[PDB]
Amino acid sequence: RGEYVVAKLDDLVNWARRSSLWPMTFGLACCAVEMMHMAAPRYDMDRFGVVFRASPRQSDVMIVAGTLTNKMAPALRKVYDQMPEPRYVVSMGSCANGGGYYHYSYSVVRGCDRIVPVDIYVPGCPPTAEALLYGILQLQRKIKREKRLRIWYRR
Amino acid sequence: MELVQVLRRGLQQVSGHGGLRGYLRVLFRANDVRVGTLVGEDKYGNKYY
Amino acid sequence: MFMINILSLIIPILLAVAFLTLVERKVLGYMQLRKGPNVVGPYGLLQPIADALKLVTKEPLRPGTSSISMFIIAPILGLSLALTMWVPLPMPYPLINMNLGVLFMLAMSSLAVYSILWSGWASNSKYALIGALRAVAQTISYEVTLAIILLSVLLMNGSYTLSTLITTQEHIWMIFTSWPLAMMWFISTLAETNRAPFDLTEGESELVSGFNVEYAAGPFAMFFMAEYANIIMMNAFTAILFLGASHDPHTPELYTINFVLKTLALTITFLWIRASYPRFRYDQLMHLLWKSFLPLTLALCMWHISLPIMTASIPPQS
Amino acid sequence: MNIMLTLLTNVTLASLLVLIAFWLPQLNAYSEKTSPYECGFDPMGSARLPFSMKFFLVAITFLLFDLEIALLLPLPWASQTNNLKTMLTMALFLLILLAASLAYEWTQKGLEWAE
Amino acid sequence: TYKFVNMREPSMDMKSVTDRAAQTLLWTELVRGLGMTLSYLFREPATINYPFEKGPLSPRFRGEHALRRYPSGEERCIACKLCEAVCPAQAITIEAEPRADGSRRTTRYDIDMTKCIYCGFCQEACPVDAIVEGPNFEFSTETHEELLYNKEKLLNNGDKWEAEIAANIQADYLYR
Amino acid sequence: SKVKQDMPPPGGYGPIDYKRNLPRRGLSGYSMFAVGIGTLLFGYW
Ligand SMILES: CCCCCCCCCCCCCCCCCC(=O)OC[C@H](COP(=O)([O-])OCC[N+](C)(C)C)OC(=O)CCCCCCCCCCCCCCCCC
Ligand code: SF4
Ligand code: SF4
Ligand code: SF4
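Residue numbers (the UniProt record's numbering), protein chains in the order written: chain A, 104 to 258; chain B, 1 to 49; chain C, 1 to 318; chain D, 1 to 115; chain E, 64 to 239; chain F, 4 to 48.
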């Protein structure tokens with residue numbers, strides 16, 4: 104029926120959206136350097152279509168790479184709000200995941216998921232560039248299985 | 001004649017994957033058409049080169 | 001049939017822009033010991049399609065403080081100018097055959113500065129306006145050297161007709177006669193398309209993306225298409241101006257192959273500059289233009305007016 | 001007129017690309033999403049930031065240079081006169097005056113991006 | 064001893080001044096930069112084809128945690144709580160009691176993997192090689208809750224990865 | 004059994020270069036200006 108056309112269109116749009124995952128460089132702490140190591144030639148995140156992007160207006164995924172402090176959280180939420188949709192958040196490292204080494208500190212928010220919704224939690228302190236790349240491909244596979252147009256067709 | 005050998009190595013990559021269908025299978029799955037030595041296969045079907 | 005000519009000019013140019021994005025990414029990657037797009041399709045050949053599809057399905061955030069009339073007029077003007085710059089180009093025979101083709105290009109490219117003056121003003125934000133003003137000043141300052149270099153080179157052509165460039169360069173390239181003007185012209189073209197160490201309006205590490213911060217998805221995509229069309233067009237103009245290809249009236253495909261190859265080589269050089277140098281400061285490029293390029297350009301215009309007269313080598317005007 | 005058709009086609013297709021680009025995506029907008037971008041905070045409007053006499057001076061000097069360039073453009077046809085010595089004298093005269101304007105701006109501060 | 068990095072004065076003769084003028088006007092060092100990038104374009108890239116190819120690691124690599132057993136299948140952990148005491152992030156939570164057979168065994172063994180700093184101090188402190196950091200590094204999750212590990216989760220990790228965990232330990236225990 | 008830890012080879016390692024090595028390459032300025040002038044001359048002719 105007409106649900107086959109909607110499924111094909113959803114597949115096309117979700118292939119185009121995961122083949123051009125343009126992330127935003129939110130490098131807060133030590134996790135930032137492993138992410139530019141996943142950028143480096145050995146892993147070459149650009150070969151997956153994952154470019155080095157710029158201002159959140161052209162970014163599709165936020166990578167929270169490092170400790171989020173209380174002083175810094177409003178800016179992170181501001182730039183998250185400024186991202187056009189669809190947008191995704193990857194929490195990279197223990198600090199961004201649940202506070203990490205600084206979980207019991209007066210100045211550290213315990214996990215960026217208190218500030219933004221998080222799609223992928225990449226564990227490690229820091230996660231290796233390969234671990235972050237695995238998280239990115241896992242996010243890609245999350246996008247592949249979205250059914251936005253099939254949800255709309257049954258509304 | 002060295003570029004001739006480069007072209008021969010590419011053509012043998014085509015032949016080394018069991019034809020054009022097998023060559024395209026590994027081109028579109030693994031994004032790579034190198035022919036290695038099979039060291040073993042696990043019980044889940046993965047082949048190691 | 002002429003409408004089909006217009007279409008078969010425009011559409012392949014946009015496709016060439018789309019795959020120029022991929023080619024630039026791959027050249028940058030291989031100069032940086034990486035690969036670049038090689039997963040989305042064979043050798044990243046479907047990547048431009050993925051980018052175009054993702055962009056047109058992404059939410060185009062328009063600013064709350066934006067004069068939407070000019071906010072949408074600026075991309076229309078930019079893309080219309082970028083496309084119409086190809087209509088006089090003599091791939092062997094032009095779509096539009098004018099007496100003043102290069103004058104027409106100069107005028108049309110000087111109208112393209114409005115797309116930044118209108119985008120920066122429309123976006124408000126009170127800061128992208130400053131970047132827009134810097135871009136406009138850079139553009140108008142390098143227009144001077146473009147115009148004077150074109151004037152000096154065309155004194156061997158005898159007219160502003162671009163088809164006459166093929167005849168002028170029948171036996172020898174114009175590079176062998178005006179190479180200093182060729183270097184200055186090439187760097188001026190680099191600076192006009194906001195490329196290379198001259199990409200101050202969109203400094204990735206200076207002002208994030210400058211005048212294009214507020215634009216997103218679709219209008220950003222069209223601005224990008226306009227810039228890359230201008231890049232390829234300027235390299236085509238450079239190839240026709242300085243590296244004139246031999247023309248066979250009974251086999252124009254040979255000229256087309258020659259011209260396309262040389263245009264691609266110059267475009268690959270444009271991408272080659274991007275991967276090799278640091279970025280000029282704004283005052284530093286303004287100093288370059290005003291105190292280095294302009295005096296030599298004036299002197300060489302003098303020289304190229306004197307030269308045909310004192311050697312009895314003045315070209316025909318027909 | 002062929003050129004008019006070409007301009008119409010270029011403008012029409014650019015505007016059509018706008019229409020698809022600016023109406024096809026699915027939207028969901030709130031106040032903090034479309035807030036002006038300032039690297040994670042709010043921008044200050046202040047009061048007429050785009051100032052400094054140097055930005056205006058480069059525009060004016062470009063204008064005057066562009067006027068002299070307008071005077072130089074007829075040169076390819078000017079070399080086709082029998083009275084070539086007068087034409088050469090006048091073209092070189094115009095170029096010396098261009099060089100003199102550049103030199104006078106140069107020596108009297110002019111082209112400088114001062115403190 | 065020291066050395067000067069920028070204490071050379073340029074020569075001021077005809078040939079040197081002309082060399083510098085040619086370098087200024089003909090852009091020769093810019094051409095050297097173009098040559099370096101062109102030479103890099105014709106070098107084989109260092110990129111590996113992930114995930115079909117993997118980055119090289121060592122037996123000492125500290126990844127996902129696991130609880131180990133003796134060959135008899137009996138747990139190694141005797142709930143001394145040394146790992147919990149030494150844990151820099153206080154990521155380890157332990158409760159214990161006498162087992163029905165009288166053994167000294169844990170009833171709670173949690174690792175907050177989002178508190179963990181993956182320092183490996185727990186496997187150093189452990190006197191019986193019960194808690195280890197395994198080789199796994201691809202265990203990203205879609206929710207925060209799947210990273211708060213249980214005793215059952217850690218024991219299943221041990222049963223899952225013991226074959227290569229034991230080989231790594233045999234490779235490196237003589238350094239420990 | 005004797006001790007066995009990570010050690011240098013019995014003869015030590017070979018020398019490693021550390022000093023700057025930017026080779027001298029190209030022609031003199033006189034040659035470049037002569038070539039540039041002759042190119043323009045032949046173009047003019
Ligand atoms: C008989 C013959 C009579 C006529 C003789 C004609 C003159 C012959 C001798 C002149 C040679 C120099 C010509 C002009 C060169 C530029 C002038 C200038 O200011 O240079 C120094 C200027 C300024 O250099 P600077 O900053 O060192 O010096 C500034 C002034 N001082 C010394 C006081 C500090 O540098 C540049 O312009 C740099 C450009 C940056 C971009 C580099 C791009 C590299 C890649 C280029 C590839 C090739 C381009 C062409 C491709 C093909 C196109 C078709
Ligand atoms: S998780 Fe570890 S490596 Fe990453 S920012 Fe926090 S302390 Fe640094
Ligand atoms: S690796 Fe370190 S932080 Fe993690 S549980 Fe063990 S001792 Fe605690
Ligand atoms: S895992 Fe090891 S160190 Fe931790 S309580 Fe058990 S026996 Fe003690």
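Idealized CB from N, CA, C, for every residue including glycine.
Cβ pair residue i, residue j closer than 9 Å
i: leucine 84 of chain D; j: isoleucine 130 of chain C; result: no
i: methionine 148 of chain A; j: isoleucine 218 of chain A; result: no
i: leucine 243 of chain C; j: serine 188 of chain C; result: no
i: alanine 132 of chain C; j: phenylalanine 2 of chain C; result: no
i: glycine 227 of chain A; j: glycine 201 of chain A; result: no
i: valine 225 of chain A; j: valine 192 of chain A; result: no
i: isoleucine 157 of chain E; j: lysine 144 of chain E; result: yes
i: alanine 157 of chain A; j: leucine 131 of chain A; result: no
i: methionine 139 of chain A; j: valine 182 of chain A; result: no
i: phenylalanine 71 of chain C; j: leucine 45 of chain C; result: no
i: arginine 121 of chain A; j: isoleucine 111 of chain E; result: no
i: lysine 26 of chain C; j: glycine 41 of chain C; result: no
i: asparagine 219 of chain E; j: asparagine 199 of chain E; result: no
i: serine 101 of chain D; j: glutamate 68 of chain D; result: yes
i: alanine 234 of chain E; j: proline 122 of chain E; result: yes
Amino acids of chain C, ordered along the chain, whose beta-carbon sits closer than 7 Å to that of residue i
i: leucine 30 of chain F; result: Residues of chain C passing the Cβ test: none, with the nearest at roughly 16 Å.
i: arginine 83 of chain E; result: In chain order: nothing, as chain C lies at least about 15 Å away.
Chain-ordered chain E contacts of residue i [CB-CB under 9 Å]
i: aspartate 32 of chain B; result: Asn112, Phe115, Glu116
i: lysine 262 of chain C; result: Near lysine 262 of chain C there are no residues of chain E at all, since even the closest Cβ is about 18 Å away, more than 9 Å.
i: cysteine 228 of chain A; result: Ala152, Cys179, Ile180, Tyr181, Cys182
Residues of its chain near residue i, where Cβ-Cβ distance is below 6 Å and the 5 sequence neighbours each way are ignored
i: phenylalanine 202 of chain E; result: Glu127
i: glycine 16 of chain B; result: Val35
i: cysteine 134 of chain A; result: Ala168, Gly169, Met195, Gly196, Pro229
Same chain only: Cβ atoms within 7 Å of residue i, ignoring 5 sequence neighbours per side
i: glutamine 186 of chain E; result: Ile194, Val195, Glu196
i: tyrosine 277 of chain C; result: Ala196, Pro197
i: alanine 16 of chain C; result: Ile232
i: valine 154 of chain A; result: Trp125
i: residue 379 of chain C; result: Nothing about residue 379 of chain C can be read from this structure; chain C reaches only from 1 to 318.
i: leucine 117 of chain C; result: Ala132, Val136
i: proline 159 of chain A; result: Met127, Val182, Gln185, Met186
Neighbouring residues, chain C, relative to residue i (Cβ below 8 Å)
i: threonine 100 of chain E; result: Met31, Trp272, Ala275, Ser276
i: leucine 27 of chain B; result: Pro42
8 Å Cβ cut-off: residues of chain F touching residue i
i: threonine 311 of chain C; result: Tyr47
i: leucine 307 of chain C; result: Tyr47
Contact set between residue i and chain A, taken where Cβ atoms lie within less than 7 Å
i: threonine 204 of chain E; result: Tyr224
Extent of the continuous alpha helix (DSSP H) to which residue i belongs
i: residue 394 of chain C; result: No answer is possible for residue 394 of chain C: it lies beyond the span of chain C, which begins at 1 and ends at 318.
i: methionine 176 of chain E; result: It is not in any alpha helix (DSSP H) - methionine 176 of chain E carries neither H nor E in the DSSP assignment.
i: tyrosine 103 of chain E; result: 91 to 104
Under 7 Å by beta carbon: chain D residues contacting residue i
i: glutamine 185 of chain A; result: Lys33, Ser35, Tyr37
i: residue 332 of chain C; result: No answer is possible for residue 332 of chain C: the residues shown for chain C start at 1 and end at 318.
Beta-carbon neighbours of residue i, restricted to chain E and to distances below 7 Å
i: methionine 35 of chain F; result: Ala85, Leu89
Under 9 Å by beta carbon: chain C residues contacting residue i
i: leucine 43 of chain F; result: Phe176, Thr177, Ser178, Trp179, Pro180
Segment limits, beta strand (DSSP E) that includes residue i
i: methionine 195 of chain A; result: 191 to 195
i: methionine 165 of chain A; result: 164 to 168
i: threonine 128 of chain A; result: 126 to 130
i: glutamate 2 of chain B; result: Note, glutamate 2 of chain B: premise wrong, no beta strand (DSSP E); alpha helix (DSSP H) at 2 to 16.
Contacts that residue i makes with chain A (C-beta to C-beta distance below 9 Å)
i: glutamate 204 of chain C; result: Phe155, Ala157
i: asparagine 28 of chain D; result: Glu188
Contacts of residue i in chain F (Cβ-Cβ under 7 Å)
i: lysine 214 of chain E; result: Result: empty, since nearest Cβ-Cβ is about 38 Å, beyond 7 Å.
Within chain D, the residues that residue i reaches when beta carbons sit closer than 9 Å
i: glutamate 59 of chain C; result: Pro25, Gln26, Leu27, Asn28, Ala29, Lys33
Chain-ordered neighbours of residue i on chain D, where CB pairs are closer than 8 Å
i: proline 63 of chain C; result: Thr34, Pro36
TODO: Pick out the complete alpha helix (DSSP H) segments inside the segment 44 to 128 of chain C, 4 residues or longer, and give them in chain order.
DONE: 47 to 56, 68 to 84, 101 to 111, 114 to 122
TODO: Could you pull out every unbroken alpha helix (DSSP H) segment of at least 4 residues lying fully inside the segment 119 to 172 of chain E, listed in chain order?
DONE: 145 to 149
Task: Ordered list of alpha helix (DSSP H) runs contained in the segment 248 to 285 of chain C, each at least 4 residues - done: 252 to 274
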